[PDB]
Structures are given as C-alpha cells and as structure tokens.
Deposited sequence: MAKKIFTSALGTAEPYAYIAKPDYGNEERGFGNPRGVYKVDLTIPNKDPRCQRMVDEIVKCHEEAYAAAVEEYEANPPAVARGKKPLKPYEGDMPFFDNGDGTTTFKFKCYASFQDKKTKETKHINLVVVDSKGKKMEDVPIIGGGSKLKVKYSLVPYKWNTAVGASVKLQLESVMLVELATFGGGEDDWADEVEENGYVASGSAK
C-alpha cells in the first residue's frame, strides 16, 4: 500500500507533461520548483531522505544475505537561488494483471477548488501547482544508484501560466542592428 504525500505550492518548470504524457510507454512528469522559504519544502526533503536511508539500508541488508550496491542522486536538488526543484513522474499505462491487456491511466488533475477536470489545460512553465505523490525507493542499477522515485498521484492546478509575452517570446523577433543592452 502507498502513503500519499502532498507538496508545497511550487512553480512548474518548462516541459511538463501533466495534461498528456510524454511518449514506448508514456510518462507523466513535472519538475516542481519550491521556495526554500516554505517550511514544507524542507519536510518534503526530510521524508524523501528518511525513505531512502531506510530502504537502501534494507536493500544492502539482503544483497549481502543472498546476492547474485551504491547510492544514486536524490529526486530533488537545491538550485542555489533560494529554491529547490523536485522531480515527479508516473507511467501513463499499466498491465491488467488479471486480464492481460495494457490500459491507459489518465493523471487526475484538480482545480484550485478541488474539482476534477475532464479536459485538462496544458500546463506551461511558470504555472503554480501542488502535487500529491508516493515515495517509491528503488535499487541501484547499471545506469544510476539506489534512490527514491516521487511517483505522481494527482495534481492541483493553482495558477495557469500565460504562454508567451515575456523575454523568451522575443527571441523569435530580433531586430537587426538595433539597441543592444549596455
């Protein structure tokens, strides 16, 4: 069984796949950047670290008692600018293990009032969200060491970001031989 954790309110990084998965088996995903000022930010980190140290401890405690170990990177990282980014992901499909078929799972997304949306807005970078998730410790492999996966369970869309209009939007509209910053 899985215990549900809820993140602090954060800002979605670009390239989120919430309204639709990133497609091979699909994957929903969002990198959520939270201000370190939010105490919930440190608690999210503490929970993940605890999970890892306990699980890795156990993993080594059986590798050694029936072999055939190293640690990997945490699913979060302080950006050094007063914010920490957390990486959430979950598959878009699974195998009906009763009746064999592959089934598509849509990620539940709720608005700020808690209302589930059928037609989910595409979530652009800068959007404010809260996410519910599970901690899924995993063992070391040839690619990366043992760590924890923040398995996405659902998302609450708090603020939908505008597409365009900012600094980036202008990259596409440069003026030859014009004014240049100082």
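Wait, which stretches of the deposited chain are just not there in the structure?
-> No coordinates exist for the deposited residues in 1, 25-33, 79-88, 203-206, so these stretches are absent from the model.
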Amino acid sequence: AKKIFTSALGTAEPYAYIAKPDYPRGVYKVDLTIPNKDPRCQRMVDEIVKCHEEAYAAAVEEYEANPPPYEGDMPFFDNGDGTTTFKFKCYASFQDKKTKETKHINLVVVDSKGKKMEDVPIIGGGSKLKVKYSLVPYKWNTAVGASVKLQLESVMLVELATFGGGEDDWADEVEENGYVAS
From here on, numbers count along this sequence of modelled residues.
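Given 141-149 and 120-128, the range whose Cα B-factors average higher in the PDB entry | Higher of the two, by average CA B-factor, is 141-149.
Per the entry, higher mean C-alpha B factor between 43-51 and 26-34 = Comparing averages over the C-alpha atoms only gives 43-51.
Lowest, middle or highest third of the chain for the C-alpha temperature factor of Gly164?
-> CA B-factor rank for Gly164: highest third.
Looking at the entry's B-factor column for C-alpha atoms only, identify whether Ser112 ranks in the lowest, middle or highest third of its chain.
-> CA B-factor rank for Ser112: middle third.
Chain-wide C-alpha B factor ranking for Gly82, given as lowest, middle or highest third | Its C-alpha B-factor belongs to the lowest third of this chain's values.
Thinking about Cα B factors across the chain, which third does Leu157 belong to?
-> Tercile = lowest for this residue's CA B-factor.
Within this chain, which third does the Cα B-factor at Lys103 fall in: lowest, middle or highest?
-> Tercile = middle for this residue's CA B-factor.
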